[PDB]
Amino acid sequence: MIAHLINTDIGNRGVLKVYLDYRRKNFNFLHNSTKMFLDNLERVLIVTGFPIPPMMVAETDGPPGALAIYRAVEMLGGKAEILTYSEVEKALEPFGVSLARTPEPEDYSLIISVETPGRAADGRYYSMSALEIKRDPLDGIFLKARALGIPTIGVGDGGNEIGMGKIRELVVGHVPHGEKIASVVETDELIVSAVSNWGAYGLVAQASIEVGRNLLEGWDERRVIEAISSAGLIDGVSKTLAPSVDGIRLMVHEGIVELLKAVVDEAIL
């Protein structure tokens, strides 16, 4: 099953414990996020981009997930655009992605965050290692969306990203520096995953099953990771230009993807 797979145990105790508790009360969270996804495809805004102190450069986790969702929205008949930092706009350039300009929540039917910084309790922005983030914020549009009642979906794997506000108690208690770094920003639905890109892929995968088409077909993890890495995006852990995500090498990410595609094909047949 998809929610369980994208939360595969990868040696990160914090995220696993959060997932366990989160799913105890919200067993169908991925299903609900999907239902909200499918119902508002008209015009989707995807937000991604996570600055890595002390360089404050964006990492490899997030954009791939955004591209996958972007891809799925277009294939489903909707329209999508991406709000993110410049280094990320450059990395996604080859993929012919509609970039968002002067966006206001009103203009969208659904807004999704894939690994984006969420302001903490003190109104500041922190990394998982408690270092403060200094880069113009992107969560602002989610607050306006919540106030307007516009559908929102968050995807995260740490506790300091947009959407984590819906389960801050789980973050404070299961993650180091939690109380200080846990984002306060909420979304209508939330997807927790071992790696954010997988959360994004899981959404795409669950949607694939409900529409009867494998929306992941054609996706090439290695090609995408290597492109955005050659383009300047760093690995979150090594903080270097290695073609990897969250310090984990490509065969693992590639394996997740390929397994999701199989799980989807098997479910549609």
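Numbers follow the displayed sequence, beginning with 1. Think of the rigid core as the biggest set of C-alphas that the two forms share within 1.5 Å after superposition.
- Of the two segments 30-38 and 238-246, the one whose CA positions lie farther from the displayed form in 5 other deposited structures of this protein, once all are superposed on the rigid core, is 238-246.
- Comparing 128-136 with 144-152, the stretch with the higher mean C-alpha B-factor in the PDB entry is 128-136.
- Mean CA B-factor, 62-70 versus 237-245: the higher value falls on 237-245.
- Based on the entry's C-alpha B-factors, the most elevated value among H253, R13, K261, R23 belongs to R13.
- Ranking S230, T48, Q206, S33 by the C-alpha B-factor listed in the PDB entry places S230 at the top.
- Among all modelled residues in its chain, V97 ranks in the middle third by Cα B-factor.
- Compared with the other modelled residues of the chain, the Cα B-factor recorded for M56 ranks in the highest third.
- When the modelled residues of the chain are ordered by their C-alpha B factor, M75 lands in the highest third.
- Per-chain ranking of the deposited C-alpha B factor places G165 in the middle third.
- When the CA B factors of the chain's modelled residues are split into thirds, the value for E106 lands in the highest one.
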